[PDB]
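> Take this structure, written in structure tokens, and hold onto it; I'll ask about it next.
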Amino acid sequence: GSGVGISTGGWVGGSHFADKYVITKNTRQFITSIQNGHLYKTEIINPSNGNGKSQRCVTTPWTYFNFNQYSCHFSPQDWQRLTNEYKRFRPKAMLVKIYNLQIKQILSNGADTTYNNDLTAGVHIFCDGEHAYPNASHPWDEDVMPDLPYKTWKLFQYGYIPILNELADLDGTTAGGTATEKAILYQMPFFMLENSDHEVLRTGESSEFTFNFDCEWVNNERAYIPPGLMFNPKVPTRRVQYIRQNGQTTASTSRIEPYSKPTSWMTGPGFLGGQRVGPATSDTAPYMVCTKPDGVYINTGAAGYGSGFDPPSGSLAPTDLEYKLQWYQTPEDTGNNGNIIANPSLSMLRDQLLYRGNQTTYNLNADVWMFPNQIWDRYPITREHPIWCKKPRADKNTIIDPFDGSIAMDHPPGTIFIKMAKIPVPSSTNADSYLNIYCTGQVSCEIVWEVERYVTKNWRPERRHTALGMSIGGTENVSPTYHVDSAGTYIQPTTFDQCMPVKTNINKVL
Amino acid sequence: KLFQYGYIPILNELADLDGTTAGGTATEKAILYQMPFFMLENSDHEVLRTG
Amino acid sequence: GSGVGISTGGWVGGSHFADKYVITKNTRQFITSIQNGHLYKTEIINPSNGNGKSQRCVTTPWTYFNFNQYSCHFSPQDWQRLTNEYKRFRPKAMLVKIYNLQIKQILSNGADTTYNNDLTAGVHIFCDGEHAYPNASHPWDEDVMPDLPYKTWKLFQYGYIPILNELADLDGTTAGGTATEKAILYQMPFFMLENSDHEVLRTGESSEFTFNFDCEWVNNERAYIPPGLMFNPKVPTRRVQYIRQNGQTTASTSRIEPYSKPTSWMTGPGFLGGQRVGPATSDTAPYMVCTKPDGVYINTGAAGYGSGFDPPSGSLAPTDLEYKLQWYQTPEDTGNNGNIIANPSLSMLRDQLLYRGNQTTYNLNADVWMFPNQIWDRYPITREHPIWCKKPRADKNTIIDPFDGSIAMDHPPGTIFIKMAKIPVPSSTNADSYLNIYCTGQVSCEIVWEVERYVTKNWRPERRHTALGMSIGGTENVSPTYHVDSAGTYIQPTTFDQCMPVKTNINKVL
């Protein structure tokens with residue numbers, strides 16, 4: 001039946017591998033609490049050491065489910081088998097369920113806090129599938145579902161940047177701001193999730209959401225040679241090379257050597273030319289993408305009217321550690337420990353470089369723009385990467401290849417928003433008084449993954465991801481990677497190869 | 001009274017990384033590098049309330 | 001149509017992977033020549049340094065196809081993918097074809113030899129599928145089909161041991177041998193392949209042979225724990241251990257500790273007790289299986305009336321290098337180079353040991369016979385192993401588990417025998433004169449392999465075979481394993497793991 005004593009779902013988990021598809025199933029226990037005391041608020045974060053960088057933030061009384069990472073949908077076993085056995089994969093269909101909800105009242109009698117459920121209390125659930133509201137999720141956020149199925153998932157408050165602050169900040173000689181800055185505030189949108197229709201559930205209820213992906217494949221393959229090596233060294237070429245007079249060397253006309261043939265295929269795009277600009281508390285990137293309408297007043301540097309573009313490097317080989325993708329494996333990691341620095345996948349469509357001859361030597365071209373006949377592989381994503389990102393709605397765009405490796409889509413999976421229904425309290429003073437409550441429940445995500453198995457005429461063995469590439473750590477230093485410790489600590493991958501990137505194992509004939 | 005479930009993942013003296021060499025021998029480390037880890041949450045199963 | 005200018009087949013090659021089956025296809029160019037000058041002969045090999053060991057050998061004017069190894073049916077790529085992606089495999093159906101035959105006449109005019117074809121010449125082909133004749137093939141022979149499809153396959157002369165020599169050798173005080181030895185010669189069988197019906201082909205003809213396997217699986221899985229670790233350490237046991245009085249220690253009765261529970265499962269069988277007996281030119285094994293009827297005269301030692309039993313060790317952990325499986329990778333290998341010594345698969349159903357307490361310490365039991373409740377894994381075969389062996393026809397036998405890892409069958413794939421049809425020459429002197437000819441042709445072997453994909457609830461990554469486990473060698477030392485050299489030399493696997501054994505990658509819950 002249905003009621004308070006009947007569960008609305010069950011635990012779903014594991015994976016199913018087939019030839020043409022993989023089904024991953026993940027359930028988590030999540031917790032949500034009241035945010036902003038049921039208020040919408042617009043705050044200005046303006047760090048003193050932020051070197052003039054600022055944000056406007058509308059914080060909402062809402063929290064949201066973020067499913068975007070690979071590690072949350074794949075065990076390390078399943079990710080290994082995925083990247084070892086398949087040439088490519090993409091998401092096919094997502095199905096998420098929120099069920100087994102429990103709304104407890106929080107009673108503070110003192111230092112001791114007690115918990116008893118309000119059976120008539122309720123919870124708001126809203127999935128935004130048309131992206132009618134500012135997107136909650138962003139790639140590489142820590143809000144994502146946990147990797148370990150038995151770890152609790154704590155939802156993060158939803159907030160959005162209503163405006164670019166330095167454009168709206170009403171600073172300058174004139175009082176009240178310039179005419180252009182005021183015009184940019186006079187229209188600053190304000191979004192409330194309460195403006196949409198959505199669901200209110202009690203403990204005996206549940207909700208489910210389906211999403212259909214239509215996506216480009218994630219290709220797991222490596223180029224064993226660059227596109228320039230695709231010729232045959234033994235056959236001569238008809239091509240002639242003329243070399244102009246250089247100093248005392250006479251100009252010559254000769255047949256190009258058989259072992260260097262000319263290539264038609266350029267280095268992929270990328271920027272090696274920029275450099276990060278401290279301090280670390282500002283936005284530090286080799287490149288700022290800025291918007292600066294005419295008539296605004298800017299008292300800061302490029303950071304703070306613009307966003308840092310990172311990784312700047314494309315398929316180009318990073319010439320410095322600043323250009324490499326890097327992330328901390330846990331939220332408690334700081335400094336040089338817990339960080340994973342990306343290393344080459346040893347694919348020959350990655351780590352490209354472009355040199356121009358000055359007729360003496362070749363010198364590196366740092367900034368490689370889009371140019372015809374460019375051939376490159378997209379970034380070698382690992383088990384920890386964002387799966388997707390939100391593609392901005394715009395008139396025009398170039399080739400969409402986010403350098404972090406996430407897949408940009410017009411409509412990604414919609415964000416499911418959840419908040420505690422407000423339970424007002426009588427107040428003789430007309431104060432705003434609500435009952436303190438929280439919801440815990442079980443959220444499951446089933447994703448169907450369309451996959452393709454490789455076929456190779458290669459005679460020789462190929463690289464595969466092996467547990468022998470794992471490292472040993474822990475409190476007692478006996479615990480291998482992706483295993484729990486004596487304290488229950490989950491041993492994180494130390495290095496980029498332990499994250500099992502794609503575009504490593506399976507060779508590819510160009 | 002139900003008892004806690006637990007299992008022996010590996011034979012310890014083979015995995016214990018003891019010896020003259022630091023960090024264990026190459027064979028003992030290979031025996032840890034694959035030590036299985038099982039979670040019952042990886043399976044589908046049932047959640048029941050009182051009714 | 002059909003004739004001299006029409007080919008009777010084509011080159012077949014490669015592999016096809018599916019979920020439930022794998023199809024391997026291999027074609028080779030083979031060569032055969034006249035053997036024993038078209039005679040049957042019985043030779044006694046009796047090496048002076050053989051330490052009294054001898055054999056009777058009936059050599060035949062026949063050569064034979066030997067398909068038994070894994071490396072001939074699988075590329076290293078295909079073998080890798082087989083052992084990485086599948087928990088078990090067995091042969092299903094074999095199909096072999098001999099076609100595109102060419103019989104050339106060999107003309108020796110001097111130091112120069114010329115070759116022109118006899119179009120009316122023919123070649124005998126006989127497959128023995130009932131094993132009506134002594135089996136040609138034996139495990140670990142070098143007669144097997146080559147690994148590289150472009151290398152020529154030279155067939156080996158067929159011969160068989162008619163009798164055990166020291167029993168038949170008519171040695172002793174009495175002249176002409178004892179009554180028992182003479183009785184063992186008076187019946188010594190003699191086999192001619194000409195006694196069977198078989199096929200004679202000319203260049204425009206071809207023959208094909210099908211074989212259906214019914215076999216036990218080859219299991220690719222590893223035990224991560226021994227069968228003795230299958231308990232739960234945290235729950236107590238009801239079992240009591242009584243320890244008798246030892247010296248000044250009082251006899252005690254106590255509950256067995258929770259972290260050692262008693263096991264029901266014994267060490268598998270094996271012999272660690274024997275030792276090889278030189279010199280290397282005799283039969284050197286830790287154990288001789290001998291036959292010594294009463295009334296025979298034996299002037300030698302155990303070697304020469306018996307056969308060496310090697311590897312003596314079972315699933316037992318080899319305590320010495322003598323007990324380890326070892327082979328040379330090429331026929332030209334000698335000494336300590338080119339040899340591959342088997343190393344542990346790190347499966348816990350292998351490398352077993354048995355100790356008995358003397359009530360002070362535990363001492364190793366060297367010879368472990370069959371005992372109830374024994375649990376072990378069969379040998380971890382590699383890409384170079386015999387696939388099958390011939391099981392002897394006998395009334396009674398114990399569990400069949402050849403320690404080399406080959407699969408013993410009542411009827412293996414039949415041996416295809418081939419010889420050059422004799423082309424007699426007129427002789428006024430009544431000499432035996434034949435025309436000197438040889439046959440080259442193309443032989444293809446298609447095997448269907450029934451396979452099974454693994455399923456695991458293991459969270460953590462598992463070991464896999466990786467090209468990064470390969471080593472680099474060659475004339476210029478730039479050539480990686482399983483690749484050709486500058487001279488065209490094929491770089492052989494140096495170590496046992498490069499041969500990619502089974503029972504390594506895929507974990508198994510006992």
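Ligands are numbered from 1 in the order shown, chains are lettered A, B, ... in the order of the structure tokens, and residues start at 1 in each chain.
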Distance limit 7 Å, atoms considered: only C-alpha atoms. Which chain B residues sit that close to chain C? Return them as a list in words.
residues 3, 6, 7, 8, 9, 10, 11, 31, 34, 35, 36, 37, 38 and 42 of chain B
> So which residues of stretch 55-242 of chain C fall under strand (DSSP E) by DSSP, listed as an NGL selection string?
:C and (55-65 or 86-108 or 113-117 or 123-128 or 153-154 or 156-160 or 199-201 or 207-212 or 218-219 or 222-223 or 240-242)
> Pick out the chain C residues within 10 Å of chain A. Count only C-alpha atoms. Give them as an NGL selection string.
:C and (14-19 or 74-81 or 84-85 or 148 or 453-470 or 480-483 or 498 or 500 or 505)
> Suppose you want the space between atom CA of residue A:55 and atom CA of residue A:296; what is it in Å?
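The value is 16.2 Å.
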> Which residues, written as an MDAnalysis selection string, have at least one atom at most 9 Å from stretch 162-168 of chain A, with only C-alpha atoms counted and residues fewer than 5 positions away on the same chain left out?
chainID A and resid 42 44 52:58 134 177 180:185 188:191 291:293 296:300 304:306
> Using only C-alpha atoms, determine which residues lie at most 12 Å from stretch 23-25 of chain B, disregarding the query and same-chain residues fewer than 6 positions distant; provide the list as a PyMOL selection string.
(chain A and resi 471-473+476-480) or (chain B and resi 13-17+31-33)
> Could you save those same residues with N, CA, C and O atoms as a short mmCIF file (atom, residue, chain, number, x, y, z; two decimals), in the first residue's frame?

data_model
loop_
_atom_site.label_atom_id
_atom_site.label_comp_id
_atom_site.auth_asym_id
_atom_site.auth_seq_id
_atom_site.Cartn_x
_atom_site.Cartn_y
_atom_site.Cartn_z
N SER A 471 48.91 2.28 -5.77
CA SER A 471 49.89 2.53 -4.73
C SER A 471 49.30 2.21 -3.37
O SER A 471 48.08 2.05 -3.22
N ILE A 472 50.17 2.08 -2.38
CA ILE A 472 49.79 1.63 -1.05
C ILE A 472 49.91 2.81 -0.09
O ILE A 472 50.95 3.47 -0.03
N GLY A 473 48.85 3.07 0.67
CA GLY A 473 48.85 4.14 1.65
C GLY A 473 47.88 3.83 2.77
O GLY A 473 47.20 2.81 2.76
N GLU A 476 48.30 2.85 8.58
CA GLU A 476 49.29 1.81 8.78
C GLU A 476 50.07 1.52 7.51
O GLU A 476 50.92 0.63 7.50
N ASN A 477 49.78 2.24 6.43
CA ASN A 477 50.46 2.12 5.14
C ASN A 477 50.37 0.73 4.56
O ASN A 477 51.21 0.33 3.75
N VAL A 478 49.38 -0.05 4.99
CA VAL A 478 49.12 -1.36 4.40
C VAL A 478 47.95 -1.33 3.42
O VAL A 478 47.65 -2.36 2.80
N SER A 479 47.31 -0.19 3.23
CA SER A 479 46.08 -0.22 2.46
C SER A 479 46.33 0.20 1.03
O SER A 479 46.89 1.27 0.77
N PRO A 480 45.95 -0.63 0.07
CA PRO A 480 46.10 -0.28 -1.33
C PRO A 480 45.04 0.71 -1.80
O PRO A 480 44.02 0.92 -1.16
N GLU B 13 50.09 -12.34 6.15
CA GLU B 13 51.55 -12.45 6.12
C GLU B 13 52.07 -12.35 4.69
O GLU B 13 53.23 -11.98 4.47
N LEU B 14 51.23 -12.67 3.72
CA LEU B 14 51.58 -12.46 2.32
C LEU B 14 51.46 -10.99 1.93
O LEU B 14 52.13 -10.54 1.00
N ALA B 15 50.56 -10.26 2.57
CA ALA B 15 50.32 -8.86 2.25
C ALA B 15 51.00 -7.89 3.21
O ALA B 15 50.81 -6.68 3.08
N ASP B 16 51.74 -8.37 4.20
CA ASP B 16 52.04 -7.48 5.31
C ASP B 16 53.22 -6.54 5.06
O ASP B 16 53.51 -5.71 5.92
N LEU B 17 53.88 -6.63 3.91
CA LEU B 17 54.96 -5.70 3.55
C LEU B 17 56.03 -5.64 4.62
O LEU B 17 56.45 -4.58 5.08
N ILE B 31 50.39 -8.56 -4.29
CA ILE B 31 49.26 -9.23 -3.68
C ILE B 31 48.34 -8.23 -2.99
O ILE B 31 47.12 -8.44 -2.91
N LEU B 32 48.88 -7.10 -2.51
CA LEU B 32 47.99 -6.02 -2.08
C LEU B 32 47.39 -5.27 -3.25
O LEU B 32 46.19 -4.96 -3.23
N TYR B 33 48.19 -4.93 -4.26
CA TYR B 33 47.67 -4.14 -5.36
C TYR B 33 46.39 -4.74 -5.90
O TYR B 33 45.49 -4.01 -6.33
#
> For residue C:24, list every protein, DNA or RNA residue within 12 Å, evaluated using only C-alpha atoms, and leave out those in the same chain fewer than 2 positions away; present the list as a PyMOL selection string.
chain C and resi 12-18+21-22+26-27+70-75+77-79+82+91-96+444-450
> Please produce an output containing C-alpha atoms for each residue in the selection, written as a PDB file, in the first residue's frame.

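Ended up saving to out_26.pdb:
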ATOM      1  CA  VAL C  12      42.288 -17.126 -43.782  1.00  0.00           C
ATOM      2  CA  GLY C  13      43.439 -15.287 -40.700  1.00  0.00           C
ATOM      3  CA  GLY C  14      42.594 -13.226 -37.674  1.00  0.00           C
ATOM      4  CA  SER C  15      40.169 -13.518 -34.825  1.00  0.00           C
ATOM      5  CA  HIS C  16      36.569 -12.685 -34.035  1.00  0.00           C
ATOM      6  CA  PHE C  17      35.542 -11.923 -30.454  1.00  0.00           C
ATOM      7  CA  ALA C  18      31.979 -12.291 -29.226  1.00  0.00           C
ATOM      8  CA  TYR C  21      32.610 -17.499 -28.508  1.00  0.00           C
ATOM      9  CA  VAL C  22      35.912 -16.547 -30.104  1.00  0.00           C
ATOM     10  CA  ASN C  26      45.357 -19.156 -38.914  1.00  0.00           C
ATOM     11  CA  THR C  27      46.905 -20.085 -42.244  1.00  0.00           C
ATOM     12  CA  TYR C  70      47.980 -21.731 -27.585  1.00  0.00           C
ATOM     13  CA  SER C  71      50.411 -19.304 -29.194  1.00  0.00           C
ATOM     14  CA  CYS C  72      49.806 -20.698 -32.664  1.00  0.00           C
ATOM     15  CA  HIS C  73      46.074 -20.012 -32.477  1.00  0.00           C
ATOM     16  CA  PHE C  74      46.222 -16.609 -30.751  1.00  0.00           C
ATOM     17  CA  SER C  75      48.107 -13.456 -31.458  1.00  0.00           C
ATOM     18  CA  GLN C  77      46.846  -9.195 -28.787  1.00  0.00           C
ATOM     19  CA  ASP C  78      44.145 -11.839 -28.961  1.00  0.00           C
ATOM     20  CA  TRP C  79      45.616 -13.777 -26.055  1.00  0.00           C
ATOM     21  CA  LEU C  82      41.158 -13.430 -24.045  1.00  0.00           C
ATOM     22  CA  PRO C  91      37.956 -25.211 -27.596  1.00  0.00           C
ATOM     23  CA  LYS C  92      34.652 -25.830 -29.338  1.00  0.00           C
ATOM     24  CA  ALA C  93      35.222 -26.840 -32.973  1.00  0.00           C
ATOM     25  CA  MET C  94      38.350 -27.132 -35.100  1.00  0.00           C
ATOM     26  CA  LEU C  95      38.422 -26.974 -38.883  1.00  0.00           C
ATOM     27  CA  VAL C  96      41.657 -27.507 -40.795  1.00  0.00           C
ATOM     28  CA  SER C 444      44.602 -23.255 -42.347  1.00  0.00           C
ATOM     29  CA  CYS C 445      43.200 -23.916 -38.884  1.00  0.00           C
ATOM     30  CA  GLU C 446      39.948 -22.315 -37.755  1.00  0.00           C
ATOM     31  CA  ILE C 447      39.049 -22.976 -34.129  1.00  0.00           C
ATOM     32  CA  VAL C 448      35.834 -21.848 -32.467  1.00  0.00           C
ATOM     33  CA  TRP C 449      36.477 -21.120 -28.797  1.00  0.00           C
ATOM     34  CA  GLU C 450      33.619 -21.113 -26.317  1.00  0.00           C
TER      35      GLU C 450
END
> May I have the residues within 12 Å of residue A:434 as a VMD selection string, using only C-alpha atoms and disregarding those fewer than 5 positions away in the same chain?
chain A and resid 34 to 39 105 to 106 420 to 427
> For each of A:361, A:194, A:350, A:439, take the minimum atom-to-atom distance to residue A:128, counting only C-alpha atoms, then give the residue where this is smallest.
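Nearest to residue A:128: A:194.
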> Which one is closest to residue B:43: A:319, A:8, A:179, A:149? Count only C-alpha atoms.
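Ranked by minimum distance to residue B:43, first place goes to A:149.
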> Among stretch 182-361 of chain C, which ones does DSSP place in alpha helix (DSSP H), written as a ChimeraX atom specification?
/C:182-186
> Could you tell me how far atom CA of residue A:31 lies from atom CA of residue B:41, in Å and to one decimal?
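The value is 18.0 Å.
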